[PDB]
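What follows is one structure encoded as structure tokens, with my remarks underneath.
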Amino acid sequence: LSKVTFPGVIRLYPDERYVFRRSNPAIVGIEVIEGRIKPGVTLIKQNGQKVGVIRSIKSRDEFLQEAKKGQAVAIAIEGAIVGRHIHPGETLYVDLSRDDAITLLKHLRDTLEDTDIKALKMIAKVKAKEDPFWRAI
Amino acid sequence: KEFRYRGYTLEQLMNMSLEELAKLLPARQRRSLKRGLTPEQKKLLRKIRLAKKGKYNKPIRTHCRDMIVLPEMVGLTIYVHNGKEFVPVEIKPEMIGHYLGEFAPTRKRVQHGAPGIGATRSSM
Amino acid sequence: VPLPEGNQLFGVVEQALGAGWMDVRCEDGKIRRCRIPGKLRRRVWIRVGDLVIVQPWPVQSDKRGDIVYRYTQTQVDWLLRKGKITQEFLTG
RNA sequence: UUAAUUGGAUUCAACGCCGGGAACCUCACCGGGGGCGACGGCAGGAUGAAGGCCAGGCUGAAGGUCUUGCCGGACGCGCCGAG
RNA sequence: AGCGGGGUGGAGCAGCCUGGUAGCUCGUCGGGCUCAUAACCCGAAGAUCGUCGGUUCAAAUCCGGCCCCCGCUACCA
Ligand code: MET
Ligand SMILES: [Mg+2]
Ligand SMILES: [Mg+2]
Ligand SMILES: [Mg+2]
Ligand SMILES: [Mg+2]
């Protein structure tokens, strides 16, 4: 279980307020659409640009560990810049490993629920662009 | 806007001796008719006349590609061998004086592909 | 023309590694370091980007395999028209 | 490319070369239709083997085969070897 | 977010400032040389200049509005 990475899809607020720092690090609020956010997980767009790795997450001044469904949290990420790299109101996807997807669909099929399966399915549909493996899911 | 062949309607062509008709055709047809018809053409012509009379309610199939179209053959449909199968030909008035084989192509049209290895000097 | 029978499956050659070793991408989304039997090695020339039949080794059947047959242009065209295999597997 | 576009020859020492100027034949290729087994033996066979035909269908056209019954007298691929 | 810089064949650069032919090297296709390949020689294709407008006898060159790319700084949930 510790080896695989949970799927996750989020969308940036179209609100200017949530942006608290632009670069080094990029600090911006987020609401979770599906899946679970964890520290040290790479995020990619539809075209797959490496926006970096989530450096830290905080719902308040306190330090957090993870965020579940229906929770808002400010992410401080590295390698992402508003504008050229990321735009407000744009939807972000968690990069997935095909071995991890196979493990989730076959080995760890007991610990999978509605939001997780929806997120993983739509992530596979989105990633079905280059490798036919995601096309066949 | 009727049909005429040398100033004659179709019916005037119908009531003509084979010799009188031969004076209207081009030289190749005239020489072919003057030298007589081959036995195979005789059998085909017999079948055609039978079909016109009201008998022989069967399709006409023939290997004779060198038969000349004649006015009394107008209106019938003939199946001419092209090498591997018989194709239907519907005889129209403006076909008088042509060989049957002209209406049954023996080669397929060519659609080229990509040149293969050895098509140019550099590919060898 | 012959089809895989058993654990065999198709594959696309990706890169030759030398000394009769190829790197074949199979239909199950795996990359395998495949070994060419010498019987057909001497008479059949294989080049990157071909449809072939690969049987995985009995032990560690995830990264090793043997190539048994090569599909010519007419055979792969017939397979594509029939629909047993798609175009994106061949094109990648 | 095609039903087939028959094959050989690839530096000098293959490419108006195979005496290769192919309408048929040539011809080896493609579509279709017919014919053929010395010599041994098995079935069978003068109570007639094998073989041939006026007419008419089938057919591109054909006693090739079928329909319709006439002609001929001693060998026999329906079976096995062999040629 | 503010400031500064730049968009030209498939690729990387001239041609500005001084308006009036769109060049340079590599790359692709074809023919040469060699028993054959690479190297070398010849010929040809390929951008009408990031878009839109203004100016001018005439604009890739001067000017302005947009689209994209790059750099610097402010920016602590
Ligand atoms: C931090 O200032 C915080 N209020 C930003 C949004 S948390 C989802
Ligand atoms: Mg030839
Ligand atoms: Mg000639
Ligand atoms: Mg001939
Ligand atoms: Mg060379």
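Identifiers for the structure tokens are assigned positionally: chains receive A, B, ... in sequence, residues are indexed from 1 per chain, and ligands are indexed from 1 in the order shown.
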
Identify, counting only C-alpha atoms (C1' of nucleotides) and all ligand atoms, the protein, DNA and RNA residues located within 12 Å of ligand 2, and give them as a PDB file with N, CA and C atoms (P, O5', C5', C4', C3', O3' and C1' of nucleotides), in the first residue's frame.
ATOM      1  P     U D   5       2.058 -12.449 -62.162  1.00  0.00           P
ATOM      2  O5'   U D   5       3.077 -11.508 -62.937  1.00  0.00           O
ATOM      3  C5'   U D   5       2.641 -10.310 -63.568  1.00  0.00           C
ATOM      4  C4'   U D   5       2.289 -10.542 -65.015  1.00  0.00           C
ATOM      5  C3'   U D   5       3.264  -9.974 -66.040  1.00  0.00           C
ATOM      6  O3'   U D   5       3.212 -10.790 -67.212  1.00  0.00           O
ATOM      7  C1'   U D   5       1.158  -9.000 -66.352  1.00  0.00           C
ATOM      8  P     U D   6       4.469 -11.651 -67.714  1.00  0.00           P
ATOM      9  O5'   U D   6       4.813 -12.633 -66.515  1.00  0.00           O
ATOM     10  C5'   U D   6       3.928 -13.674 -66.150  1.00  0.00           C
ATOM     11  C4'   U D   6       4.614 -15.013 -66.083  1.00  0.00           C
ATOM     12  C3'   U D   6       6.055 -15.041 -65.629  1.00  0.00           C
ATOM     13  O3'   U D   6       6.238 -14.840 -64.246  1.00  0.00           O
ATOM     14  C1'   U D   6       5.796 -16.483 -67.457  1.00  0.00           C
ATOM     15  P     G D   7       7.638 -14.275 -63.710  1.00  0.00           P
ATOM     16  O5'   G D   7       8.716 -15.221 -64.391  1.00  0.00           O
ATOM     17  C5'   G D   7       9.732 -15.848 -63.633  1.00  0.00           C
ATOM     18  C4'   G D   7      10.539 -16.803 -64.473  1.00  0.00           C
ATOM     19  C3'   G D   7      12.010 -16.474 -64.629  1.00  0.00           C
ATOM     20  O3'   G D   7      12.791 -16.806 -63.502  1.00  0.00           O
ATOM     21  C1'   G D   7      11.131 -16.997 -66.727  1.00  0.00           C
ATOM     22  P     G D   8      13.832 -15.736 -62.925  1.00  0.00           P
ATOM     23  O5'   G D   8      15.106 -15.902 -63.852  1.00  0.00           O
ATOM     24  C5'   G D   8      15.788 -17.139 -63.929  1.00  0.00           C
ATOM     25  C4'   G D   8      16.811 -17.136 -65.032  1.00  0.00           C
ATOM     26  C3'   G D   8      17.928 -16.119 -64.915  1.00  0.00           C
ATOM     27  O3'   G D   8      18.943 -16.503 -64.009  1.00  0.00           O
ATOM     28  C1'   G D   8      17.097 -16.119 -67.116  1.00  0.00           C
ATOM     29  P     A D   9      19.591 -15.423 -63.018  1.00  0.00           P
ATOM     30  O5'   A D   9      20.394 -14.445 -63.973  1.00  0.00           O
ATOM     31  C5'   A D   9      21.637 -14.825 -64.540  1.00  0.00           C
ATOM     32  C4'   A D   9      22.143 -13.785 -65.504  1.00  0.00           C
ATOM     33  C3'   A D   9      22.413 -12.412 -64.924  1.00  0.00           C
ATOM     34  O3'   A D   9      23.663 -12.329 -64.270  1.00  0.00           O
ATOM     35  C1'   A D   9      21.167 -12.183 -66.902  1.00  0.00           C
ATOM     36  P     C D  29       2.761 -22.562 -67.081  1.00  0.00           P
ATOM     37  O5'   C D  29       2.498 -21.006 -66.903  1.00  0.00           O
ATOM     38  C5'   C D  29       3.034 -20.288 -65.803  1.00  0.00           C
ATOM     39  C4'   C D  29       2.458 -18.900 -65.737  1.00  0.00           C
ATOM     40  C3'   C D  29       0.958 -18.826 -65.525  1.00  0.00           C
ATOM     41  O3'   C D  29       0.592 -18.945 -64.163  1.00  0.00           O
ATOM     42  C1'   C D  29       1.583 -17.380 -67.284  1.00  0.00           C
TER      43        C D  29
END

Report task. Taking only C-alpha atoms into account, report as a ChimeraX atom specification which residues of chain A lie within 10 Å of chain C. Result -> /A:98,130-134

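Restricting the atom set to only C-alpha atoms (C1' of nucleotides) and all ligand atoms, one finds that the residues within 8 Å of ligand 3 amount to residues 21, 22 and 23 of chain D.
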
Query raised in the report: Skipping near chain neighbours, those fewer than 2 positions away, what residues fall within 7 Å of region 64-74 of chain B using only C-alpha atoms (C1' of nucleotides), listed as a PyMOL selection string?
Result: chain B and resi 13-14+41+48+62+76+80+91-93+95-101

Query raised in the report: Skipping near chain neighbours, those fewer than 5 positions away, what residues fall within 10 Å of region 44-59 of chain C using only C-alpha atoms (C1' of nucleotides), listed as a PyMOL selection string?
Result: chain C and resi 2-16+22-26+32-36+39+64-73+75-76+89-92

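If only C-alpha atoms (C1' of nucleotides) are the atoms counted, then among B:104, B:109, B:121, B:63 the closest residue to chain D is B:63.
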
Requested in this report: List all protein, DNA and RNA residues that have an atom no more than 12 Å from any atom of ligand 5, counting only C-alpha atoms (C1' of nucleotides) and all ligand atoms, and report them as a ChimeraX atom specification.
Outcome: /B:121-124 /E:31-34,36-41

Export, as a PDB file, in the first residue's frame, the selected residues with N, CA and C atoms (P, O5', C5', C4', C3', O3' and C1' of nucleotides).
ATOM      1  N   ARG B 121      17.906   5.065 -58.003  1.00  0.00           N
ATOM      2  CA  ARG B 121      19.303   4.666 -57.907  1.00  0.00           C
ATOM      3  C   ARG B 121      19.737   4.529 -56.455  1.00  0.00           C
ATOM      4  N   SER B 122      19.274   5.423 -55.591  1.00  0.00           N
ATOM      5  CA  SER B 122      19.726   5.468 -54.210  1.00  0.00           C
ATOM      6  C   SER B 122      19.143   4.360 -53.346  1.00  0.00           C
ATOM      7  N   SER B 123      18.073   3.703 -53.785  1.00  0.00           N
ATOM      8  CA  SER B 123      17.417   2.687 -52.974  1.00  0.00           C
ATOM      9  C   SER B 123      18.037   1.302 -53.117  1.00  0.00           C
ATOM     10  N   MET B 124      18.927   1.099 -54.080  1.00  0.00           N
ATOM     11  CA  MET B 124      19.533  -0.211 -54.279  1.00  0.00           C
ATOM     12  C   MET B 124      20.576  -0.509 -53.206  1.00  0.00           C
TER      13      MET B 124
ATOM     14  P     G E  31      18.027   9.208 -58.690  1.00  0.00           P
ATOM     15  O5'   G E  31      19.118  10.011 -59.529  1.00  0.00           O
ATOM     16  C5'   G E  31      18.886  10.350 -60.888  1.00  0.00           C
ATOM     17  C4'   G E  31      19.949  11.278 -61.426  1.00  0.00           C
ATOM     18  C3'   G E  31      21.373  10.754 -61.397  1.00  0.00           C
ATOM     19  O3'   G E  31      21.651   9.869 -62.467  1.00  0.00           O
ATOM     20  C1'   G E  31      21.331  12.982 -60.609  1.00  0.00           C
ATOM     21  P     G E  32      22.989   8.982 -62.454  1.00  0.00           P
ATOM     22  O5'   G E  32      24.150  10.039 -62.715  1.00  0.00           O
ATOM     23  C5'   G E  32      25.489   9.744 -62.357  1.00  0.00           C
ATOM     24  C4'   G E  32      26.324  10.994 -62.232  1.00  0.00           C
ATOM     25  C3'   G E  32      27.743  10.774 -61.738  1.00  0.00           C
ATOM     26  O3'   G E  32      28.624  10.377 -62.775  1.00  0.00           O
ATOM     27  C1'   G E  32      26.754  12.533 -60.513  1.00  0.00           C
ATOM     28  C1'   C E  33      31.936   9.658 -58.469  1.00  0.00           C
ATOM     29  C3'   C E  33      32.695   8.235 -60.201  1.00  0.00           C
ATOM     30  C4'   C E  33      32.334   9.593 -60.775  1.00  0.00           C
ATOM     31  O3'   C E  33      33.798   7.636 -60.856  1.00  0.00           O
ATOM     32  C5'   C E  33      31.495   9.570 -62.025  1.00  0.00           C
ATOM     33  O5'   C E  33      30.333   8.775 -61.849  1.00  0.00           O
ATOM     34  P     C E  33      29.126   8.854 -62.883  1.00  0.00           P
ATOM     35  P     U E  34      33.703   6.121 -61.382  1.00  0.00           P
ATOM     36  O5'   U E  34      33.806   5.246 -60.057  1.00  0.00           O
ATOM     37  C5'   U E  34      35.015   5.187 -59.317  1.00  0.00           C
ATOM     38  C4'   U E  34      34.829   4.454 -58.013  1.00  0.00           C
ATOM     39  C3'   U E  34      34.188   3.080 -58.107  1.00  0.00           C
ATOM     40  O3'   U E  34      35.107   2.070 -58.486  1.00  0.00           O
ATOM     41  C1'   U E  34      33.163   4.311 -56.372  1.00  0.00           C
ATOM     42  P     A E  36      29.637   0.674 -57.784  1.00  0.00           P
ATOM     43  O5'   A E  36      29.190   0.462 -56.270  1.00  0.00           O
ATOM     44  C5'   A E  36      27.991  -0.227 -55.952  1.00  0.00           C
ATOM     45  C4'   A E  36      27.867  -0.465 -54.468  1.00  0.00           C
ATOM     46  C3'   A E  36      27.850   0.778 -53.591  1.00  0.00           C
ATOM     47  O3'   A E  36      26.570   1.383 -53.514  1.00  0.00           O
ATOM     48  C1'   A E  36      29.381  -0.786 -52.706  1.00  0.00           C
ATOM     49  P     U E  37      26.430   2.962 -53.249  1.00  0.00           P
ATOM     50  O5'   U E  37      26.778   3.132 -51.704  1.00  0.00           O
ATOM     51  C5'   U E  37      25.847   2.758 -50.699  1.00  0.00           C
ATOM     52  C4'   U E  37      26.402   2.984 -49.315  1.00  0.00           C
ATOM     53  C3'   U E  37      26.784   4.415 -48.969  1.00  0.00           C
ATOM     54  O3'   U E  37      25.682   5.223 -48.598  1.00  0.00           O
ATOM     55  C1'   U E  37      28.532   2.970 -48.332  1.00  0.00           C
ATOM     56  P     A E  38      25.710   6.804 -48.882  1.00  0.00           P
ATOM     57  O5'   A E  38      26.864   7.358 -47.929  1.00  0.00           O
ATOM     58  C5'   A E  38      26.632   7.554 -46.541  1.00  0.00           C
ATOM     59  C4'   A E  38      27.911   7.839 -45.790  1.00  0.00           C
ATOM     60  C3'   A E  38      28.586   9.172 -46.079  1.00  0.00           C
ATOM     61  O3'   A E  38      28.000  10.262 -45.388  1.00  0.00           O
ATOM     62  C1'   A E  38      30.199   7.459 -46.146  1.00  0.00           C
ATOM     63  P     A E  39      27.767  11.666 -46.136  1.00  0.00           P
ATOM     64  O5'   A E  39      29.236  12.183 -46.474  1.00  0.00           O
ATOM     65  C5'   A E  39      30.055  12.764 -45.470  1.00  0.00           C
ATOM     66  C4'   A E  39      31.455  13.015 -45.971  1.00  0.00           C
ATOM     67  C3'   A E  39      31.599  14.051 -47.075  1.00  0.00           C
ATOM     68  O3'   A E  39      31.622  15.383 -46.590  1.00  0.00           O
ATOM     69  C1'   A E  39      32.799  12.111 -47.670  1.00  0.00           C
ATOM     70  P     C E  40      30.872  16.555 -47.397  1.00  0.00           P
ATOM     71  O5'   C E  40      31.519  16.512 -48.852  1.00  0.00           O
ATOM     72  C5'   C E  40      32.805  17.062 -49.104  1.00  0.00           C
ATOM     73  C4'   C E  40      33.185  16.932 -50.559  1.00  0.00           C
ATOM     74  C3'   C E  40      32.260  17.626 -51.550  1.00  0.00           C
ATOM     75  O3'   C E  40      32.558  19.003 -51.706  1.00  0.00           O
ATOM     76  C1'   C E  40      32.665  15.411 -52.267  1.00  0.00           C
ATOM     77  P     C E  41      31.419  20.036 -52.170  1.00  0.00           P
ATOM     78  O5'   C E  41      31.123  19.645 -53.687  1.00  0.00           O
ATOM     79  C5'   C E  41      32.039  19.975 -54.721  1.00  0.00           C
ATOM     80  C4'   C E  41      31.508  19.598 -56.082  1.00  0.00           C
ATOM     81  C3'   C E  41      30.162  20.195 -56.464  1.00  0.00           C
ATOM     82  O3'   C E  41      30.273  21.519 -56.957  1.00  0.00           O
ATOM     83  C1'   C E  41      30.174  17.881 -56.962  1.00  0.00           C
TER      84        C E  41
END

Report task. Could you list, as a PyMOL selection string, the residues of chain B having an atom within 8 Å of chain D when counting only C-alpha atoms (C1' of nucleotides)? Result -> chain B and resi 40+61-63+83-85+107-108+110-113

Would you export the selected residues with N, CA and C atoms as a PDB file, in the first residue's frame, please?
ATOM      1  N   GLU B  40     -18.097 -19.500 -86.097  1.00  0.00           N
ATOM      2  CA  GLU B  40     -18.570 -19.072 -84.788  1.00  0.00           C
ATOM      3  C   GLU B  40     -19.524 -17.896 -84.914  1.00  0.00           C
ATOM      4  N   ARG B  61     -24.605 -15.652 -74.420  1.00  0.00           N
ATOM      5  CA  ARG B  61     -23.213 -15.618 -73.985  1.00  0.00           C
ATOM      6  C   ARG B  61     -22.312 -16.032 -75.142  1.00  0.00           C
ATOM      7  N   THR B  62     -21.260 -15.260 -75.398  1.00  0.00           N
ATOM      8  CA  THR B  62     -20.372 -15.573 -76.510  1.00  0.00           C
ATOM      9  C   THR B  62     -18.906 -15.186 -76.332  1.00  0.00           C
ATOM     10  N   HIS B  63     -18.040 -16.027 -76.886  1.00  0.00           N
ATOM     11  CA  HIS B  63     -16.597 -15.837 -76.888  1.00  0.00           C
ATOM     12  C   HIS B  63     -16.113 -15.036 -78.088  1.00  0.00           C
ATOM     13  N   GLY B  83     -12.006 -12.477 -70.796  1.00  0.00           N
ATOM     14  CA  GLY B  83     -10.846 -13.200 -70.336  1.00  0.00           C
ATOM     15  C   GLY B  83     -11.135 -14.026 -69.107  1.00  0.00           C
ATOM     16  N   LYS B  84     -11.908 -13.480 -68.171  1.00  0.00           N
ATOM     17  CA  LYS B  84     -12.273 -14.255 -66.991  1.00  0.00           C
ATOM     18  C   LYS B  84     -13.754 -14.248 -66.660  1.00  0.00           C
ATOM     19  N   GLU B  85     -14.570 -13.375 -67.239  1.00  0.00           N
ATOM     20  CA  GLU B  85     -16.002 -13.410 -66.987  1.00  0.00           C
ATOM     21  C   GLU B  85     -16.737 -12.695 -68.106  1.00  0.00           C
ATOM     22  N   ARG B 107      -8.348  -5.236 -69.157  1.00  0.00           N
ATOM     23  CA  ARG B 107      -7.412  -4.865 -68.110  1.00  0.00           C
ATOM     24  C   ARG B 107      -8.091  -3.943 -67.111  1.00  0.00           C
ATOM     25  N   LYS B 108      -7.615  -3.986 -65.877  1.00  0.00           N
ATOM     26  CA  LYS B 108      -8.139  -3.148 -64.815  1.00  0.00           C
ATOM     27  C   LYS B 108      -7.385  -1.826 -64.770  1.00  0.00           C
ATOM     28  N   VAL B 110      -5.327   1.320 -63.464  1.00  0.00           N
ATOM     29  CA  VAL B 110      -4.149   1.278 -62.607  1.00  0.00           C
ATOM     30  C   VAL B 110      -4.184   2.431 -61.616  1.00  0.00           C
ATOM     31  N   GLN B 111      -4.141   2.099 -60.330  1.00  0.00           N
ATOM     32  CA  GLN B 111      -3.967   3.068 -59.255  1.00  0.00           C
ATOM     33  C   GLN B 111      -2.644   2.749 -58.576  1.00  0.00           C
ATOM     34  N   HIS B 112      -1.665   3.632 -58.730  1.00  0.00           N
ATOM     35  CA  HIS B 112      -0.311   3.329 -58.300  1.00  0.00           C
ATOM     36  C   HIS B 112      -0.148   3.445 -56.792  1.00  0.00           C
ATOM     37  N   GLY B 113       0.782   2.652 -56.260  1.00  0.00           N
ATOM     38  CA  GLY B 113       1.161   2.720 -54.870  1.00  0.00           C
ATOM     39  C   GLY B 113       2.453   3.491 -54.676  1.00  0.00           C
TER      40      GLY B 113
END

Report task. Kindly determine which residues of chain A lie within 7 Å of chain E, considering only C-alpha atoms (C1' of nucleotides), and give the answer as a ChimeraX atom specification. Result -> /A:20-22,27,58,60-61,74

Keeping only N, CA, C and O atoms, write the selected residues as a PDB file, in the first residue's frame.
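Dumped everything to result_16.pdb:
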ATOM      1  N   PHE A  20      -1.492  33.524  -2.474  1.00  0.00           N
ATOM      2  CA  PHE A  20      -0.767  34.256  -1.447  1.00  0.00           C
ATOM      3  C   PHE A  20       0.719  34.411  -1.736  1.00  0.00           C
ATOM      4  O   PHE A  20       1.369  35.246  -1.096  1.00  0.00           O
ATOM      5  N   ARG A  21       1.273  33.638  -2.664  1.00  0.00           N
ATOM      6  CA  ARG A  21       2.639  33.841  -3.123  1.00  0.00           C
ATOM      7  C   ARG A  21       2.765  33.244  -4.517  1.00  0.00           C
ATOM      8  O   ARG A  21       2.178  32.201  -4.815  1.00  0.00           O
ATOM      9  N   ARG A  22       3.537  33.921  -5.364  1.00  0.00           N
ATOM     10  CA  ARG A  22       3.585  33.593  -6.783  1.00  0.00           C
ATOM     11  C   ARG A  22       4.625  32.531  -7.114  1.00  0.00           C
ATOM     12  O   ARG A  22       4.290  31.515  -7.734  1.00  0.00           O
ATOM     13  N   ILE A  27       2.059  29.548  -3.577  1.00  0.00           N
ATOM     14  CA  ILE A  27       1.112  29.309  -2.495  1.00  0.00           C
ATOM     15  C   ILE A  27      -0.272  29.695  -2.994  1.00  0.00           C
ATOM     16  O   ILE A  27      -0.546  30.875  -3.247  1.00  0.00           O
ATOM     17  N   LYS A  58      -1.312  23.115   3.735  1.00  0.00           N
ATOM     18  CA  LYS A  58      -1.768  23.695   4.994  1.00  0.00           C
ATOM     19  C   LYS A  58      -3.196  24.190   4.832  1.00  0.00           C
ATOM     20  O   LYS A  58      -3.475  24.992   3.938  1.00  0.00           O
ATOM     21  N   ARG A  60      -4.632  25.748   7.444  1.00  0.00           N
ATOM     22  CA  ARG A  60      -4.509  26.986   8.208  1.00  0.00           C
ATOM     23  C   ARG A  60      -3.021  27.209   8.454  1.00  0.00           C
ATOM     24  O   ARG A  60      -2.164  26.624   7.783  1.00  0.00           O
ATOM     25  N   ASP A  61      -2.699  28.076   9.416  1.00  0.00           N
ATOM     26  CA  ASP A  61      -1.308  28.234   9.828  1.00  0.00           C
ATOM     27  C   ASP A  61      -0.718  26.917  10.319  1.00  0.00           C
ATOM     28  O   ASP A  61       0.501  26.718  10.250  1.00  0.00           O
ATOM     29  N   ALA A  74      -4.531  25.229   1.299  1.00  0.00           N
ATOM     30  CA  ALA A  74      -3.559  26.008   0.547  1.00  0.00           C
ATOM     31  C   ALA A  74      -2.321  25.153   0.311  1.00  0.00           C
ATOM     32  O   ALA A  74      -1.719  24.637   1.262  1.00  0.00           O
TER      33      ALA A  74
END

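Minimum atom-to-atom distances from B:23, B:120, B:78, B:57 to residue 45 (chain B) were compared using only C-alpha atoms, and the lowest value belongs to B:78.
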
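In this model, the gap between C1' of residue 9 (chain E) and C1' of residue 70 (chain E) comes to 23.8 Å.
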
Requested in this report: Identify all residues of region 41-79 of chain C in strand (DSSP E or B) (DSSP on the backbone) and supply them as a PyMOL selection string.
Outcome: chain C and resi 51-56+64-70

Query - Expected answer as a VMD selection string: residues within 12 Å of ligand 1, only C-alpha atoms (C1' of nucleotides) and all ligand atoms - result: (chain A and resid 11 to 13 15 to 21 27 to 32 57 to 62 64 67 70 to 76) or (chain E and resid 76 to 77)
